[PDB]
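Starting off, we have a lone chain in the form deposited in one PDB entry, written out as structure tokens.
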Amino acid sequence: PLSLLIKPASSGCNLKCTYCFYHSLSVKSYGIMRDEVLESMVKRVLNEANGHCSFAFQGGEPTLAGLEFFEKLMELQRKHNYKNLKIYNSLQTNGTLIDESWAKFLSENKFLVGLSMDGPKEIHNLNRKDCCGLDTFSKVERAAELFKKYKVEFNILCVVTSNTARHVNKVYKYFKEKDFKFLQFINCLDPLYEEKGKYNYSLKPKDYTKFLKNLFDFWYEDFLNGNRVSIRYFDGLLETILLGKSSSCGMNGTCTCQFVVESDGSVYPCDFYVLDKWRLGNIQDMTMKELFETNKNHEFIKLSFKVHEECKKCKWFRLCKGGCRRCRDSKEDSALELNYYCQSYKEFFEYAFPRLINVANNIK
């Protein structure tokens, strides 16, 4: 099967989230993806894929490409899916531009949607402000309400900053109040290769430790009271515990090629690494196999197989596996270092492992 991460509005965005290094306003934007580039990609994937394929739309804010772009996508998928493959479409959105038309489209076409929401109003608005400085929380709530009204399948993407670590109670309680049961807490990354921990929002290892421990306590109490809440990190640990492998990139110890496609058709191995040094080629000119077998992609993946010496002697290695490579990549052109959050995982596991096992045993 083939899975692509597409940026149909490139890095363009209507917000300027304080911690965000993905958006163009003080990052290269290639503008909105042209129809001919979109068709070239869709035709290719559906010609080359076996079994099924997946198209994920991110950025940047992908809804800036407009609804017609997405209706064209669906027409092109129908046009070119001559093998009758199952297709999985998804979208990650800031939600601010979602209206009834969008919600109907997303429901009817069975998109899985990730909606970015950092917590209740003040926690969310602290960092997630629009390009004119305005608060955005009410608009994101409006999106969630529309998704609920129109039956859109969605989950929540919450960035974990230092402020999140000081207010796990408020964040957890808010999501619980809204009955959001599918949550993904994303460690806030400082910009690649910059000195770490320098911003007011920076998630330092001690902050992450505090975050993990308290989040786990809330989640486990819910588990004990028969309230199932899905948290992606914990689900991934459970997969590793029960299956020896996780469905989430960054928890299996080595990298994968994610086939990130910019709006000009240029392809990259990972959405953290949309940079000229990791440009694989252009989806209009190269087969997916070709892109995968480029020395740049081979190098990208092979770099990730190096195991730090501490991990070799770590009692948690089989559970942690060294974490995501992006958290090990401290300086350009340099060998990977020990995971930035190593100490956080170690103190979290001491605190939570036995209870994790209990959960693992009760879900078979």
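Note that residue numbering follows the sequence shown and begins at 1.
Below, we refer to the form deposited with a partner chain bound, which is not included among the displayed structures.
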property: Candidate stretches 56-64, 299-307, 33-41, 313-321, one within 4.5 Å of the partner chain in the bound PDB entry by heavy atom; result: 56-64
property: Residues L112, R232 and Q258 all lining the partner chain in the bound PDB entry, heavy atom within 4.5 Å; result: yes
property: Among the candidates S107, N81, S248, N125, the residue which, in the bound PDB entry, approaches the partner chain to within 4.5 Å (heavy atoms); result: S248
property: Contact assignment for the partner chain in the bound PDB entry, among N282, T294, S202, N155, heavy atom within 4.5 Å; result: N155
property: Interface membership of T136, the partner chain in the bound PDB entry, 4.5 Å heavy atom rule; result: no
property: is_contact(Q92, the partner chain) in the bound PDB entry, heavy atom dist at most 4.5 Å; result: yes
property: Contact of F182 with the partner chain in the bound PDB entry (heavy atom, 4.5 Å); result: yes
property: 4.5 Å heavy atom contact, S3 and the partner chain in the bound PDB entry; result: yes
